[PDB]
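Below is the file structure.csv, which contains CSV, C-alpha atoms and all ligand atoms.
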chain,number,residue,atom,x,y,z
N,15,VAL,CA,117.4,134.9,75.2
N,16,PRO,CA,113.7,135.5,75.9
N,17,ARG,CA,111.2,132.7,76.2
N,18,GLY,CA,107.5,132.7,77.3
N,19,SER,CA,106.8,128.9,76.9
N,20,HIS,CA,108.9,125.8,76.5
N,21,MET,CA,108.2,122.5,74.8
N,22,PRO,CA,108.3,119.3,77.0
N,23,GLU,CA,111.6,118.0,75.4
N,24,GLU,CA,113.3,121.2,76.4
N,25,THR,CA,112.5,120.9,80.1
N,26,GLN,CA,112.8,117.1,80.3
N,27,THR,CA,115.1,116.5,83.3
N,28,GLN,CA,118.5,114.7,82.7
N,29,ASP,CA,118.3,111.0,83.7
N,30,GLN,CA,119.6,109.9,87.0
N,31,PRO,CA,123.0,108.1,86.7
N,32,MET,CA,122.7,104.6,85.3
N,33,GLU,CA,123.0,102.0,88.0
N,34,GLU,CA,125.0,98.7,87.8
N,35,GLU,CA,123.3,95.5,88.9
N,36,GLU,CA,125.6,92.6,89.7
N,37,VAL,CA,124.5,89.3,88.3
N,38,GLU,CA,125.7,85.9,89.3
N,39,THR,CA,124.7,82.6,87.6
N,40,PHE,CA,124.5,79.3,89.5
N,41,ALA,CA,123.8,75.7,88.5
N,42,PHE,CA,121.1,73.9,90.3
N,43,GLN,CA,122.2,71.0,92.5
N,44,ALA,CA,122.0,67.8,90.4
N,45,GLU,CA,118.9,66.3,92.0
N,46,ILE,CA,117.1,69.7,92.0
N,47,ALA,CA,117.8,70.0,88.2
N,48,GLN,CA,116.5,66.4,87.7
N,49,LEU,CA,113.4,67.2,89.7
N,50,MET,CA,112.7,70.4,87.8
N,51,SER,CA,112.9,68.5,84.5
N,52,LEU,CA,110.6,65.8,85.8
N,53,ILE,CA,108.1,68.5,87.0
N,54,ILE,CA,108.2,70.5,83.7
N,55,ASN,CA,107.9,67.7,81.2
N,56,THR,CA,105.5,65.3,82.9
N,57,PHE,CA,101.7,65.4,82.8
N,58,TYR,CA,100.0,65.7,86.2
N,59,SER,CA,96.2,66.0,86.7
N,60,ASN,CA,96.6,68.1,90.0
N,61,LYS,CA,98.9,71.0,88.9
N,62,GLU,CA,96.8,73.5,90.9
N,63,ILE,CA,98.6,72.6,94.1
N,64,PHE,CA,101.5,74.9,93.1
N,65,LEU,CA,99.5,77.8,94.7
N,66,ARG,CA,99.2,75.9,97.9
N,67,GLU,CA,102.9,75.5,98.0
N,68,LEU,CA,103.7,79.2,97.4
N,69,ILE,CA,101.0,80.3,99.9
N,70,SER,CA,102.5,77.9,102.5
N,71,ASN,CA,105.9,79.5,101.9
N,72,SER,CA,104.5,83.0,102.4
N,73,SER,CA,102.7,81.9,105.6
N,74,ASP,CA,105.9,80.4,106.9
N,75,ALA,CA,107.8,83.7,106.2
N,76,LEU,CA,105.0,85.7,107.9
N,77,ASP,CA,105.1,83.4,110.9
N,78,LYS,CA,108.9,84.2,111.1
N,79,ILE,CA,108.0,88.0,111.6
N,80,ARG,CA,106.0,87.2,114.6
N,81,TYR,CA,108.7,85.0,116.2
N,82,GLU,CA,111.7,87.1,115.3
N,83,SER,CA,110.1,89.8,117.4
N,84,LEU,CA,110.9,87.6,120.5
N,85,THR,CA,114.6,88.1,119.8
N,86,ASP,CA,114.4,91.5,118.2
N,87,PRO,CA,111.3,93.5,119.2
N,88,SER,CA,111.9,96.3,116.7
N,89,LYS,CA,109.9,94.4,114.1
N,90,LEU,CA,106.8,95.2,116.2
N,91,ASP,CA,107.3,98.8,115.2
N,92,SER,CA,106.8,98.1,111.5
N,93,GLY,CA,103.4,99.4,110.4
N,94,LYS,CA,103.2,96.9,107.5
N,95,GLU,CA,100.2,94.4,107.6
N,96,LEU,CA,101.2,90.8,107.7
N,97,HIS,CA,99.3,89.5,104.6
N,98,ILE,CA,99.4,87.9,101.2
N,99,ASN,CA,98.2,89.5,97.9
N,100,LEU,CA,97.5,87.4,94.7
N,101,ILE,CA,97.9,89.4,91.6
N,102,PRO,CA,96.9,88.0,88.2
N,103,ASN,CA,97.9,90.0,85.1
N,104,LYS,CA,96.1,88.9,82.0
N,105,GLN,CA,98.1,91.4,79.8
N,106,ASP,CA,101.4,89.9,80.8
N,107,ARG,CA,100.2,86.3,81.5
N,108,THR,CA,101.7,86.5,85.0
N,109,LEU,CA,100.4,85.4,88.5
N,110,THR,CA,102.3,87.1,91.3
N,111,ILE,CA,102.2,85.9,95.0
N,112,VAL,CA,103.2,88.8,97.2
N,113,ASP,CA,103.8,88.6,101.0
N,114,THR,CA,105.1,90.9,103.7
N,115,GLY,CA,107.1,88.1,105.4
N,116,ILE,CA,110.8,88.1,106.4
N,117,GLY,CA,112.2,88.1,102.9
N,118,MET,CA,115.4,86.5,101.8
N,119,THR,CA,118.9,87.8,101.7
N,120,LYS,CA,121.2,87.2,98.7
N,121,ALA,CA,122.8,84.1,100.3
N,122,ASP,CA,119.4,82.9,101.2
N,123,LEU,CA,118.3,82.9,97.6
N,124,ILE,CA,121.4,81.1,96.5
N,125,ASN,CA,121.4,78.5,99.3
N,126,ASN,CA,117.6,78.0,99.7
N,127,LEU,CA,116.4,78.2,96.1
N,128,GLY,CA,118.7,75.9,94.2
N,129,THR,CA,122.2,75.0,95.2
N,130,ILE,CA,121.5,72.7,98.2
N,131,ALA,CA,119.8,69.3,97.9
N,132,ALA,CA,116.9,68.6,100.2
N,133,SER,CA,117.5,65.1,101.6
N,134,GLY,CA,114.1,63.9,100.4
N,135,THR,CA,114.5,64.8,96.7
N,136,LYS,CA,115.7,61.4,95.5
N,137,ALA,CA,112.9,59.6,97.5
N,138,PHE,CA,110.3,62.0,96.1
N,139,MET,CA,111.5,61.4,92.5
N,140,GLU,CA,111.2,57.6,93.1
N,141,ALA,CA,107.7,58.1,94.6
N,142,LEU,CA,106.7,60.0,91.4
N,143,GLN,CA,108.1,57.3,89.2
N,144,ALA,CA,106.0,54.8,91.2
N,145,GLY,CA,103.0,57.0,90.4
N,146,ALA,CA,102.6,59.3,93.4
N,147,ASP,CA,100.4,62.4,93.2
N,148,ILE,CA,102.4,65.6,92.7
N,149,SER,CA,100.5,66.9,95.8
N,150,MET,CA,103.0,65.0,97.9
N,151,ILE,CA,105.8,67.5,97.0
N,152,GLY,CA,106.1,69.7,99.9
N,153,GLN,CA,106.2,66.8,102.3
N,154,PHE,CA,109.6,66.0,100.6
N,155,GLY,CA,111.2,69.5,101.3
N,156,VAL,CA,111.0,70.8,97.6
N,157,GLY,CA,107.6,72.5,97.4
N,158,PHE,CA,108.8,75.7,95.7
N,159,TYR,CA,109.7,73.9,92.4
N,160,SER,CA,105.9,73.0,92.0
N,161,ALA,CA,105.8,76.6,90.4
N,162,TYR,CA,107.1,74.9,87.3
N,163,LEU,CA,103.9,72.9,86.9
N,164,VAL,CA,102.4,76.1,85.6
N,165,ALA,CA,105.2,78.5,84.9
N,166,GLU,CA,107.8,78.6,82.2
N,167,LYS,CA,109.8,81.2,84.0
N,168,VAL,CA,109.8,82.2,87.7
N,169,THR,CA,111.2,85.5,89.0
N,170,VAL,CA,111.5,86.0,92.8
N,171,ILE,CA,111.9,89.6,94.0
N,172,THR,CA,112.8,89.8,97.7
N,173,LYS,CA,114.0,92.1,100.5
N,174,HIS,CA,115.1,91.1,104.0
N,175,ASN,CA,115.8,93.6,106.7
N,176,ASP,CA,119.5,92.5,106.8
N,177,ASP,CA,120.3,92.9,103.0
N,178,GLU,CA,119.4,94.8,99.8
N,179,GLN,CA,116.7,93.9,97.3
N,180,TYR,CA,117.5,90.9,95.0
N,181,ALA,CA,115.9,89.1,92.1
N,182,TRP,CA,116.3,85.4,91.6
N,183,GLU,CA,115.2,84.0,88.2
N,184,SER,CA,115.1,80.7,86.3
N,185,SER,CA,113.6,79.2,83.2
N,186,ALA,CA,114.9,75.8,84.3
N,187,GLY,CA,117.4,74.3,81.9
N,188,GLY,CA,119.8,73.7,84.8
N,189,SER,CA,120.7,77.2,86.1
N,190,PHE,CA,119.3,80.3,87.8
N,191,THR,CA,120.5,83.9,88.3
N,192,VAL,CA,120.7,86.2,91.3
N,193,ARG,CA,121.0,89.9,90.6
N,194,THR,CA,120.9,93.0,92.8
N,195,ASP,CA,117.6,94.8,92.1
N,196,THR,CA,117.8,98.6,92.0
N,197,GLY,CA,114.2,98.8,90.5
N,198,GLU,CA,111.0,99.6,92.4
N,199,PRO,CA,111.6,98.9,96.1
N,200,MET,CA,109.2,96.4,97.3
N,201,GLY,CA,109.7,96.8,101.1
N,202,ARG,CA,110.2,93.8,103.3
N,203,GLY,CA,108.9,90.5,102.0
N,204,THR,CA,108.8,88.4,98.8
N,205,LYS,CA,107.1,88.5,95.4
N,206,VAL,CA,107.0,85.3,93.3
N,207,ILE,CA,106.2,86.1,89.7
N,208,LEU,CA,105.0,83.1,87.7
N,209,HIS,CA,105.2,83.5,83.9
N,210,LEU,CA,102.4,81.1,83.1
N,211,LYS,CA,102.7,78.5,80.3
N,212,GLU,CA,100.2,79.1,77.5
N,213,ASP,CA,97.9,76.3,78.5
N,214,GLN,CA,97.9,77.2,82.1
N,215,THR,CA,96.1,80.7,81.8
N,216,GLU,CA,93.2,79.5,83.9
N,217,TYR,CA,95.3,80.6,86.9
N,218,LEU,CA,94.7,84.2,85.9
N,219,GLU,CA,90.9,83.9,86.3
N,220,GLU,CA,89.4,85.1,89.6
N,221,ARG,CA,86.9,82.2,90.0
N,222,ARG,CA,89.7,79.6,89.5
N,223,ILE,CA,92.0,81.3,91.9
N,224,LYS,CA,89.3,81.5,94.5
N,225,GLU,CA,88.4,77.8,93.9
N,226,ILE,CA,92.0,76.6,94.6
N,227,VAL,CA,92.6,78.8,97.6
N,228,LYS,CA,89.3,77.5,99.2
N,229,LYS,CA,90.2,73.9,98.3
N,230,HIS,CA,93.8,73.8,99.5
N,231,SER,CA,94.8,76.9,101.5
N,232,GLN,CA,92.1,77.5,104.3
N,233,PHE,CA,94.6,77.8,107.3
N,234,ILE,CA,97.0,80.5,106.1
N,235,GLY,CA,96.6,82.3,109.4
N,236,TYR,CA,96.9,85.8,107.7
N,237,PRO,CA,94.6,87.8,105.4
N,238,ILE,CA,94.9,86.9,101.7
N,239,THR,CA,93.5,89.2,99.1
N,240,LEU,CA,93.0,88.7,95.3
N,241,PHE,CA,93.5,91.8,93.2
N,242,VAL,CA,91.2,91.7,90.1
N,243,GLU,CA,91.9,94.1,87.3
N,244,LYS,CA,88.7,95.8,86.2
N,245,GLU,CA,87.5,94.6,82.8
N,246,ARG,CA,87.7,97.5,80.4
G,301,LIG,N1,107.8,83.6,100.2
G,301,LIG,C1,109.0,83.3,100.7
G,301,LIG,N2,109.5,84.0,101.7
G,301,LIG,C2,110.7,83.7,102.3
G,301,LIG,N3,111.4,82.6,102.0
G,301,LIG,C3,110.9,81.8,101.0
G,301,LIG,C4,109.7,82.1,100.4
G,301,LIG,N4,109.5,81.1,99.5
G,301,LIG,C5,110.4,80.2,99.6
G,301,LIG,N5,111.3,80.7,100.6
G,301,LIG,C6,112.6,80.0,101.0
G,301,LIG,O1,112.8,78.9,100.1
G,301,LIG,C7,112.9,77.7,100.9
G,301,LIG,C8,112.5,76.5,100.1
G,301,LIG,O2,111.0,76.5,100.0
G,301,LIG,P1,110.3,75.1,99.7
G,301,LIG,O3,110.9,74.5,98.5
G,301,LIG,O4,108.8,75.3,99.7
G,301,LIG,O5,110.8,74.2,101.0
G,301,LIG,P2,110.3,74.3,102.5
G,301,LIG,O6,109.1,75.2,102.5
G,301,LIG,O7,109.9,72.9,102.9
G,301,LIG,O8,111.4,74.9,103.3
G,301,LIG,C9,112.1,78.0,102.2
G,301,LIG,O9,112.6,77.2,103.3
G,301,LIG,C10,112.4,79.5,102.4
G,301,LIG,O10,113.7,79.6,103.0
G,302,MG,MG,107.5,75.2,101.2
G,303,MG,MG,100.4,77.8,109.7

Could you take the file, read its structure, and then write that structure out as structure tokens?
Amino acid sequence: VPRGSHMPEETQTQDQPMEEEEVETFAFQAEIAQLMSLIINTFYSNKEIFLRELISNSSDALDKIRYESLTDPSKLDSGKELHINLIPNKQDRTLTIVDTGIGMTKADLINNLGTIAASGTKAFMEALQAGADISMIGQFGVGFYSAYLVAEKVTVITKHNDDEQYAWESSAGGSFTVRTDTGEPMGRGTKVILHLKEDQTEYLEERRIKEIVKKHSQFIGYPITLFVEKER
């Protein structure tokens, strides 16, 4: 019976029930798979333009918030700032691009990030064979896959007002997964987590990140902030 003091193990709360996350696996559309293999396995001198492409996608998503308010004003009542955060993590070798844009639903991840061919994909691959600069990518409707210039794996966590939170992930190799994400709620918007290749760790350094934002992304139209972890 009587106790005056308990040890931590004794008062540890019972876990919450384990949750199921549904996972689905999809092949990339053929030309997207071919483009990813070309991007991954070819040397380019201008790999830094991946960040321009990801920032442009965030800016497009943030522009959609403003305009969706013309057909659904309730979004004006959100208190979230429309912004982009860049978050390098040296410990994990990741660079994360976070925005408070519209987010993507599950079917948006499946249809917009791998299973549908952009009409320009074949033309762009021929331009690259003919020696085009990789910087031309986004003009061909396939800018997202520039992430694989620097990343060995990409994870996209996203939440749109009309669906639950999802995670898309791919290490290339011809397929990607989409799985419900019952982890840390991120609130409306998208987080693209780049797991950087070992020779691409310059993109974790604050001066390099500032250099490429100022070179290539000066008309975002929204505040961008770079979080720098304090050196211990
Ligand atoms: N940060 C993001 N927020 C919302 N949707 C995104 C984001 N990044 C990519 N997307 C979705 O992925 C699609 C493909 O992106 P991309 O390959 O850059 O082509 P594009 O920007 O020309 O449409 C976008 O059209 C958009 O629907
Ligand atoms: Mg784009
Ligand atoms: Mg703009």

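The residue set within 10 Å of residue 98 (chain N), counting all atoms listed in the file and dropping same-chain residues fewer than 4 places from it, reads residues 69, 72, 73, 76, 111, 112, 113, 114, 115, 203, 204, 205, 234, 236, 237, 238, 239 and 240 of chain N.
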
Quick one: residues within 10 Å of residue 243 (chain N), all atoms listed in the file, excluding same-chain residues fewer than 2 positions away - as a PDB file with C-alpha atoms, keeping the file's coordinate frame?
ATOM      1  CA  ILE N 101      97.900  89.400  91.600  1.00  0.00           C
ATOM      2  CA  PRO N 102      96.900  88.000  88.200  1.00  0.00           C
ATOM      3  CA  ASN N 103      97.900  90.000  85.100  1.00  0.00           C
ATOM      4  CA  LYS N 104      96.100  88.900  82.000  1.00  0.00           C
ATOM      5  CA  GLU N 220      89.400  85.100  89.600  1.00  0.00           C
ATOM      6  CA  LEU N 240      93.000  88.700  95.300  1.00  0.00           C
ATOM      7  CA  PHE N 241      93.500  91.800  93.200  1.00  0.00           C
ATOM      8  CA  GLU N 245      87.500  94.600  82.800  1.00  0.00           C
ATOM      9  CA  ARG N 246      87.700  97.500  80.400  1.00  0.00           C
TER      10      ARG N 246
END

Neighbours of ligand MG 303 (chain G) within 8 Å, counting all atoms listed in the file, as a PyMOL selection string?
-> chain N and resi 70+73-74+77+233-235

May I ask you to write as a list in words all residues lying at most 7 Å from ligand LIG 301 (chain G), with all atoms listed in the file counted?
->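 Written in the requested form, the residues are residues 67, 68, 71, 72, 75, 113, 115, 116, 117, 118, 122, 126, 127, 152, 155, 156, 157, 158, 159, 203, 204 and 205 of chain N.
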
Figure out the distance between CA of residue 177 (chain N) and CA of residue 133 (chain N), please, to one decimal in Å.
-> 28.0 Å

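The coordinates place CA of residue 208 (chain N) at 22.7 Å from CA of residue 131 (chain N).
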
Selection near residue 92 (chain N), 12 Å with only C-alpha atoms, sequence-local residues under 3 positions removed, as a VMD selection string = chain N and resid 79 to 80 83 87 to 89 95 to 96 114 to 116 175 201 to 202

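Using all atoms listed in the file for every distance, the candidate list N:213, N:183, N:86, N:49 yields N:49 as the residue closest to residue 154 (chain N).
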
Record the distance separating CA of residue 35 (chain N) and CA of residue 160 (chain N), expressed in Å with one decimal.
-> 28.6 Å

List the residues sitting within 12 Å of (123.1, 95.2, 89.2) in the file's frame, using only C-alpha atoms, as a ChimeraX atom specification.
-> /N:32-38,178-181,191-197

Since the input lacks some atoms of region 67-91 of chain N, please model N, CA and C atoms and print them as an mmCIF file, in the frame of the given file.
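After the write, part_9.cif holds the following:
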data_model
loop_
_atom_site.group_PDB
_atom_site.id
_atom_site.type_symbol
_atom_site.label_atom_id
_atom_site.label_comp_id
_atom_site.auth_asym_id
_atom_site.auth_seq_id
_atom_site.Cartn_x
_atom_site.Cartn_y
_atom_site.Cartn_z
ATOM 1 N N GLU N 67 101.540 75.475 97.633
ATOM 2 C CA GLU N 67 102.900 75.500 98.000
ATOM 3 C C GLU N 67 103.494 76.921 98.204
ATOM 4 N N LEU N 68 103.134 77.825 97.261
ATOM 5 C CA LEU N 68 103.700 79.200 97.400
ATOM 6 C C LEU N 68 103.031 79.900 98.541
ATOM 7 N N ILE N 69 101.733 79.714 98.778
ATOM 8 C CA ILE N 69 101.000 80.300 99.900
ATOM 9 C C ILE N 69 101.595 79.811 101.212
ATOM 10 N N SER N 70 101.910 78.520 101.292
ATOM 11 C CA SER N 70 102.500 77.900 102.500
ATOM 12 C C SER N 70 103.871 78.583 102.773
ATOM 13 N N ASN N 71 104.637 78.859 101.688
ATOM 14 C CA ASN N 71 105.900 79.500 101.900
ATOM 15 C C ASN N 71 105.704 80.892 102.470
ATOM 16 N N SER N 72 104.749 81.626 101.915
ATOM 17 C CA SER N 72 104.500 83.000 102.400
ATOM 18 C C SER N 72 104.054 82.898 103.878
ATOM 19 N N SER N 73 103.164 81.963 104.216
ATOM 20 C CA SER N 73 102.700 81.900 105.600
ATOM 21 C C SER N 73 103.866 81.538 106.518
ATOM 22 N N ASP N 74 104.780 80.673 106.075
ATOM 23 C CA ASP N 74 105.900 80.400 106.900
ATOM 24 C C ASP N 74 106.752 81.674 107.148
ATOM 25 N N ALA N 75 106.991 82.416 106.066
ATOM 26 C CA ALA N 75 107.800 83.700 106.200
ATOM 27 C C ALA N 75 107.093 84.709 107.091
ATOM 28 N N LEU N 76 105.751 84.735 107.102
ATOM 29 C CA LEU N 76 105.000 85.700 107.900
ATOM 30 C C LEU N 76 105.053 85.212 109.359
ATOM 31 N N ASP N 77 104.975 83.882 109.567
ATOM 32 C CA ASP N 77 105.100 83.400 110.900
ATOM 33 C C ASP N 77 106.507 83.798 111.500
ATOM 34 N N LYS N 78 107.565 83.762 110.672
ATOM 35 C CA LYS N 78 108.900 84.200 111.100
ATOM 36 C C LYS N 78 108.851 85.652 111.644
ATOM 37 N N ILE N 79 108.143 86.601 111.001
ATOM 38 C CA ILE N 79 108.000 88.000 111.600
ATOM 39 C C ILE N 79 107.587 87.929 113.020
ATOM 40 N N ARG N 80 106.475 87.233 113.269
ATOM 41 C CA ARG N 80 106.000 87.200 114.600
ATOM 42 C C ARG N 80 107.050 86.681 115.570
ATOM 43 N N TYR N 81 107.726 85.559 115.241
ATOM 44 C CA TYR N 81 108.700 85.000 116.200
ATOM 45 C C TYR N 81 109.980 85.746 116.284
ATOM 46 N N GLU N 82 110.432 86.389 115.204
ATOM 47 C CA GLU N 82 111.700 87.100 115.300
ATOM 48 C C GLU N 82 111.574 88.294 116.217
ATOM 49 N N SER N 83 110.336 88.711 116.478
ATOM 50 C CA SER N 83 110.100 89.800 117.400
ATOM 51 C C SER N 83 110.450 89.389 118.869
ATOM 52 N N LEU N 84 110.412 88.087 119.215
ATOM 53 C CA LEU N 84 110.900 87.600 120.500
ATOM 54 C C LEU N 84 112.414 87.746 120.658
ATOM 55 N N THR N 85 113.216 87.814 119.590
ATOM 56 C CA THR N 85 114.600 88.100 119.800
ATOM 57 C C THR N 85 115.068 89.427 119.201
ATOM 58 N N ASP N 86 114.116 90.210 118.707
ATOM 59 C CA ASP N 86 114.400 91.500 118.200
ATOM 60 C C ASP N 86 113.094 92.239 118.080
ATOM 61 N N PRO N 87 112.642 92.890 119.174
ATOM 62 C CA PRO N 87 111.300 93.500 119.200
ATOM 63 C C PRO N 87 111.064 94.671 118.182
ATOM 64 N N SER N 88 112.116 95.163 117.510
ATOM 65 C CA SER N 88 111.900 96.300 116.700
ATOM 66 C C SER N 88 110.948 96.110 115.546
ATOM 67 N N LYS N 89 110.784 94.838 115.145
ATOM 68 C CA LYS N 89 109.900 94.400 114.100
ATOM 69 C C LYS N 89 108.417 94.735 114.501
ATOM 70 N N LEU N 90 108.153 94.820 115.827
ATOM 71 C CA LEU N 90 106.800 95.200 116.200
ATOM 72 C C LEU N 90 106.458 96.607 115.817
ATOM 73 N N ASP N 91 107.499 97.409 115.569
ATOM 74 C CA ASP N 91 107.300 98.800 115.200
ATOM 75 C C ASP N 91 106.984 98.994 113.712
#
